[PDB]
There are 2 protein chains.
Amino acid sequence: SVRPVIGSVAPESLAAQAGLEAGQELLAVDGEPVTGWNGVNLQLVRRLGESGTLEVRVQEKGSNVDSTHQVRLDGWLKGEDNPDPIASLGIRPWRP
Amino acid sequence: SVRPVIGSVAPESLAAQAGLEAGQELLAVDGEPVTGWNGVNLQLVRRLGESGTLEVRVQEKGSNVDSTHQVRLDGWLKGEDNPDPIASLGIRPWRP
């Protein structure tokens with residue numbers, strides 16, 4: 001699976017407000033390892049409608065510097081029948 | 001919401017073997033109504049790794065004939081960390 005690298009982050013999005021950035025590679029979501037956007041999505045689905053924090057561990061491009069970001073969930077996608085979890089965070093996967 | 005219409009079905013896929021066809025509109029998955037491919041995906045995720053039948057109710061293109069198709073699950077995507085549920089059935093969603 002394509003490694004899960006952020007291609008862009010929408011201004012003022014949940015991801016931006018949490019300090020996620022283009023070029024970061026996701027390594028874990030809510031404490032469980034991820035190695036592709038499909039696995040990311042499975043972790044995101046588990047939190048639909050919830051409030052609290054979504055923990056996203058990432059690594060900077062080209063370094064071993066890891067950081068953990070707390071994305072704010074406030075009834076996140078509550079009531080949505082057709083949610084797009086990754087896009088709703090403001091994240092566009094890098095897909096060259 | 002963009003109604004969930006099948007764009008293509010790969011030959012010999014799980015969807016093909018169950019009688020699903022391009023042009024059919026999904027109405028329900030495992031008994032629950034769907035109105036877009038994102039909601040379809042939420043229903044598919046619930047069955048990952050399972051065996052039995054995935055019930056897919058569709059409407060024929062241009063008609064009101066509804067039919068229920070039993071897609072065969074045999075350890076479907078068991079263990080896979082990065083599953084693509086819709087694609088794994090052989091289906092490409094139709095895009096406007």
# chains A, B, ... in the order shown; residues from 1 in each chain; ligands from 1

call {"tool": "interface_residues", "arguments": {"of": "chain B", "to": "chain A", "cutoff": "8 Å", "atoms": "only C-alpha atoms", "output": "VMD selection string"}}
result
chain B and resid 1 34 to 39 42 45 81 to 84

call {"tool": "select_by_dssp", "arguments": {"residues": "chain B", "states": "alpha helix (DSSP H)", "output": "ChimeraX atom specification"}}
result
/B:14-17,37-45,85-88

call {"tool": "atom_distance", "arguments": {"atom1": "atom CA of residue 44 of chain B", "atom2": "atom CA of residue 64 of chain B"}}
result
24.3 Å

call {"tool": "residues_around", "arguments": {"residues": "segment 68-71 of chain B", "least_positions_apart": "3", "cutoff": "9 Å", "atoms": "only C-alpha atoms", "output": "number ranges by chain"}}
result
B: 14-20, 28, 52-59, 89

call {"tool": "write_last_selection", "arguments": {"atoms": "N, CA and C atoms", "output": "PDB file, in the first residue's frame"}}
result
ATOM      1  N   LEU B  14     -16.361 -11.083  -7.049  1.00  0.00           N
ATOM      2  CA  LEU B  14     -17.430 -11.430  -6.121  1.00  0.00           C
ATOM      3  C   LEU B  14     -18.736 -10.782  -6.557  1.00  0.00           C
ATOM      4  N   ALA B  15     -18.675  -9.516  -6.976  1.00  0.00           N
ATOM      5  CA  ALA B  15     -19.876  -8.832  -7.437  1.00  0.00           C
ATOM      6  C   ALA B  15     -20.428  -9.471  -8.704  1.00  0.00           C
ATOM      7  N   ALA B  16     -19.571  -9.790  -9.669  1.00  0.00           N
ATOM      8  CA  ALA B  16     -20.051 -10.407 -10.901  1.00  0.00           C
ATOM      9  C   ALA B  16     -20.735 -11.728 -10.608  1.00  0.00           C
ATOM     10  N   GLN B  17     -20.111 -12.550  -9.760  1.00  0.00           N
ATOM     11  CA  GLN B  17     -20.655 -13.870  -9.480  1.00  0.00           C
ATOM     12  C   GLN B  17     -21.972 -13.794  -8.748  1.00  0.00           C
ATOM     13  N   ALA B  18     -22.234 -12.686  -8.073  1.00  0.00           N
ATOM     14  CA  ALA B  18     -23.490 -12.463  -7.383  1.00  0.00           C
ATOM     15  C   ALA B  18     -24.552 -11.812  -8.259  1.00  0.00           C
ATOM     16  N   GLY B  19     -24.254 -11.530  -9.524  1.00  0.00           N
ATOM     17  CA  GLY B  19     -25.224 -10.930 -10.414  1.00  0.00           C
ATOM     18  C   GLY B  19     -25.291  -9.424 -10.405  1.00  0.00           C
ATOM     19  N   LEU B  20     -24.355  -8.750  -9.752  1.00  0.00           N
ATOM     20  CA  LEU B  20     -24.340  -7.303  -9.797  1.00  0.00           C
ATOM     21  C   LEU B  20     -23.750  -6.836 -11.122  1.00  0.00           C
ATOM     22  N   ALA B  28     -29.613  -0.676  -0.591  1.00  0.00           N
ATOM     23  CA  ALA B  28     -29.385  -1.080   0.784  1.00  0.00           C
ATOM     24  C   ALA B  28     -28.257  -2.092   0.796  1.00  0.00           C
ATOM     25  N   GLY B  52     -20.053 -15.659   5.028  1.00  0.00           N
ATOM     26  CA  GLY B  52     -21.494 -15.646   4.953  1.00  0.00           C
ATOM     27  C   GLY B  52     -21.896 -14.907   3.701  1.00  0.00           C
ATOM     28  N   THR B  53     -22.929 -14.088   3.806  1.00  0.00           N
ATOM     29  CA  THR B  53     -23.418 -13.334   2.671  1.00  0.00           C
ATOM     30  C   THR B  53     -23.508 -11.864   3.009  1.00  0.00           C
ATOM     31  N   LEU B  54     -23.110 -11.067   2.031  1.00  0.00           N
ATOM     32  CA  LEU B  54     -23.300  -9.634   2.026  1.00  0.00           C
ATOM     33  C   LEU B  54     -24.517  -9.365   1.151  1.00  0.00           C
ATOM     34  N   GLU B  55     -25.566  -8.814   1.741  1.00  0.00           N
ATOM     35  CA  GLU B  55     -26.819  -8.606   1.029  1.00  0.00           C
ATOM     36  C   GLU B  55     -26.783  -7.236   0.373  1.00  0.00           C
ATOM     37  N   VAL B  56     -26.892  -7.195  -0.937  1.00  0.00           N
ATOM     38  CA  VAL B  56     -26.838  -5.952  -1.680  1.00  0.00           C
ATOM     39  C   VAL B  56     -28.129  -5.842  -2.471  1.00  0.00           C
ATOM     40  N   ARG B  57     -28.979  -4.899  -2.085  1.00  0.00           N
ATOM     41  CA  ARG B  57     -30.237  -4.648  -2.769  1.00  0.00           C
ATOM     42  C   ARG B  57     -30.035  -3.510  -3.749  1.00  0.00           C
ATOM     43  N   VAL B  58     -30.444  -3.723  -4.998  1.00  0.00           N
ATOM     44  CA  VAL B  58     -30.224  -2.770  -6.072  1.00  0.00           C
ATOM     45  C   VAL B  58     -31.511  -2.534  -6.833  1.00  0.00           C
ATOM     46  N   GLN B  59     -31.514  -1.436  -7.578  1.00  0.00           N
ATOM     47  CA  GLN B  59     -32.539  -1.137  -8.556  1.00  0.00           C
ATOM     48  C   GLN B  59     -31.893  -1.180  -9.930  1.00  0.00           C
ATOM     49  N   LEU B  89     -14.635  -6.137  -4.098  1.00  0.00           N
ATOM     50  CA  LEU B  89     -15.787  -6.847  -4.639  1.00  0.00           C
ATOM     51  C   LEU B  89     -15.780  -6.866  -6.154  1.00  0.00           C
TER      52      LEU B  89
END

call {"tool": "atom_distance", "arguments": {"atom1": "atom CA of residue 95 of chain B", "atom2": "atom CA of residue 46 of chain B"}}
result
24.3 Å

call {"tool": "decode", "arguments": {"residues": "segment 36-69 of chain A", "atoms": "N, CA, C and O atoms", "output": "tab-separated table (two decimals), in the first residue's frame"}}
result
chain	number	residue	atom	x	y	z
A	36	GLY	N	-1.18	2.62	5.46
A	36	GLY	CA	-1.83	3.05	4.25
A	36	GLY	C	-3.06	3.83	4.61
A	36	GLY	O	-3.57	3.75	5.73
A	37	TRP	N	-3.55	4.60	3.64
A	37	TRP	CA	-4.75	5.39	3.88
A	37	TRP	C	-5.97	4.52	4.13
A	37	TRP	O	-6.88	4.94	4.84
A	38	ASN	N	-6.01	3.31	3.57
A	38	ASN	CA	-7.16	2.44	3.84
A	38	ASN	C	-7.22	2.06	5.32
A	38	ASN	O	-8.30	2.05	5.92
A	39	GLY	N	-6.07	1.76	5.91
A	39	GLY	CA	-6.02	1.47	7.33
A	39	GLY	C	-6.29	2.70	8.17
A	39	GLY	O	-6.91	2.61	9.23
A	40	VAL	N	-5.83	3.86	7.72
A	40	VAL	CA	-6.20	5.11	8.39
A	40	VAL	C	-7.71	5.22	8.45
A	40	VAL	O	-8.30	5.53	9.50
A	41	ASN	N	-8.37	5.01	7.31
A	41	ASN	CA	-9.81	5.16	7.26
A	41	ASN	C	-10.53	4.24	8.25
A	41	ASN	O	-11.50	4.65	8.89
A	42	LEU	N	-10.06	3.01	8.40
A	42	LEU	CA	-10.69	2.11	9.36
A	42	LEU	C	-10.61	2.67	10.77
A	42	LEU	O	-11.58	2.58	11.53
A	43	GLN	N	-9.48	3.26	11.15
A	43	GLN	CA	-9.38	3.86	12.48
A	43	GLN	C	-10.29	5.08	12.59
A	43	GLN	O	-10.92	5.29	13.64
A	44	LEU	N	-10.39	5.89	11.54
A	44	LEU	CA	-11.25	7.07	11.59
A	44	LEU	C	-12.71	6.70	11.75
A	44	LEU	O	-13.44	7.35	12.50
A	45	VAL	N	-13.16	5.66	11.05
A	45	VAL	CA	-14.57	5.27	11.12
A	45	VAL	C	-14.99	4.96	12.55
A	45	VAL	O	-16.12	5.22	12.94
A	46	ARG	N	-14.08	4.41	13.35
A	46	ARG	CA	-14.40	4.05	14.72
A	46	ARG	C	-14.78	5.24	15.57
A	46	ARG	O	-15.38	5.05	16.63
A	47	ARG	N	-14.42	6.46	15.16
A	47	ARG	CA	-14.67	7.65	15.96
A	47	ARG	C	-15.80	8.53	15.41
A	47	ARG	O	-16.03	9.62	15.94
A	48	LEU	N	-16.51	8.09	14.38
A	48	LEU	CA	-17.56	8.92	13.80
A	48	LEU	C	-18.59	9.28	14.85
A	48	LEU	O	-19.06	8.43	15.60
A	49	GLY	N	-18.95	10.56	14.89
A	49	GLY	CA	-19.94	11.08	15.81
A	49	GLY	C	-19.42	11.42	17.18
A	49	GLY	O	-20.16	11.99	17.99
A	50	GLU	N	-18.17	11.11	17.47
A	50	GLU	CA	-17.63	11.22	18.81
A	50	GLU	C	-17.08	12.61	19.09
A	50	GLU	O	-16.88	13.43	18.21
A	51	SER	N	-16.81	12.82	20.37
A	51	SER	CA	-16.12	14.00	20.85
A	51	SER	C	-14.95	13.54	21.70
A	51	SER	O	-15.02	12.52	22.40
A	52	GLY	N	-13.89	14.34	21.66
A	52	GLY	CA	-12.65	14.04	22.32
A	52	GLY	C	-11.51	14.34	21.39
A	52	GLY	O	-11.53	15.35	20.68
A	53	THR	N	-10.51	13.48	21.40
A	53	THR	CA	-9.33	13.66	20.58
A	53	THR	C	-9.05	12.44	19.73
A	53	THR	O	-9.19	11.30	20.18
A	54	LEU	N	-8.63	12.71	18.50
A	54	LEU	CA	-8.13	11.72	17.58
A	54	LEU	C	-6.62	11.88	17.57
A	54	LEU	O	-6.11	12.95	17.23
A	55	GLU	N	-5.90	10.85	18.00
A	55	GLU	CA	-4.46	10.92	18.15
A	55	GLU	C	-3.82	10.48	16.85
A	55	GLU	O	-4.05	9.37	16.38
A	56	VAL	N	-3.01	11.35	16.26
A	56	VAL	CA	-2.37	11.06	14.99
A	56	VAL	C	-0.86	11.20	15.19
A	56	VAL	O	-0.37	12.30	15.42
A	57	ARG	N	-0.13	10.10	15.08
A	57	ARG	CA	1.33	10.10	15.17
A	57	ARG	C	1.90	10.13	13.76
A	57	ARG	O	1.50	9.32	12.91
A	58	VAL	N	2.81	11.07	13.52
A	58	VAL	CA	3.38	11.28	12.21
A	58	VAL	C	4.89	11.42	12.29
A	58	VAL	O	5.47	11.63	13.36
A	59	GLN	N	5.51	11.34	11.12
A	59	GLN	CA	6.93	11.58	10.95
A	59	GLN	C	7.13	12.62	9.86
A	59	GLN	O	6.44	12.60	8.84
A	60	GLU	N	8.09	13.50	10.08
A	60	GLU	CA	8.44	14.50	9.08
A	60	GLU	C	9.11	13.86	7.88
A	60	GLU	O	9.83	12.86	7.99
A	61	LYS	N	8.89	14.45	6.71
A	61	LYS	CA	9.59	14.00	5.52
A	61	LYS	C	11.10	14.02	5.76
A	61	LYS	O	11.65	15.02	6.24
A	62	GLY	N	11.76	12.91	5.44
A	62	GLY	CA	13.20	12.82	5.40
A	62	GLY	C	13.90	12.73	6.74
A	62	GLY	O	15.14	12.72	6.77
A	63	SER	N	13.16	12.68	7.84
A	63	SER	CA	13.75	12.63	9.16
A	63	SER	C	13.10	11.52	9.97
A	63	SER	O	12.11	10.91	9.56
A	64	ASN	N	13.70	11.23	11.12
A	64	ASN	CA	13.13	10.33	12.10
A	64	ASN	C	12.34	11.06	13.17
A	64	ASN	O	11.97	10.46	14.18
A	65	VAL	N	12.08	12.35	12.97
A	65	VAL	CA	11.39	13.16	13.97
A	65	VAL	C	9.91	12.80	13.92
A	65	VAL	O	9.21	13.11	12.95
A	66	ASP	N	9.43	12.15	14.98
A	66	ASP	CA	8.01	11.83	15.13
A	66	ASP	C	7.33	12.81	16.07
A	66	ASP	O	7.94	13.33	17.01
A	67	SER	N	6.04	13.05	15.81
A	67	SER	CA	5.24	13.93	16.65
A	67	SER	C	3.83	13.36	16.71
A	67	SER	O	3.35	12.74	15.75
A	68	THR	N	3.16	13.60	17.83
A	68	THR	CA	1.80	13.16	18.04
A	68	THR	C	0.89	14.37	18.12
A	68	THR	O	1.13	15.30	18.90
A	69	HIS	N	-0.15	14.35	17.31
A	69	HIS	CA	-1.06	15.47	17.16
A	69	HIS	C	-2.42	15.06	17.66
A	69	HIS	O	-2.83	13.91	17.49
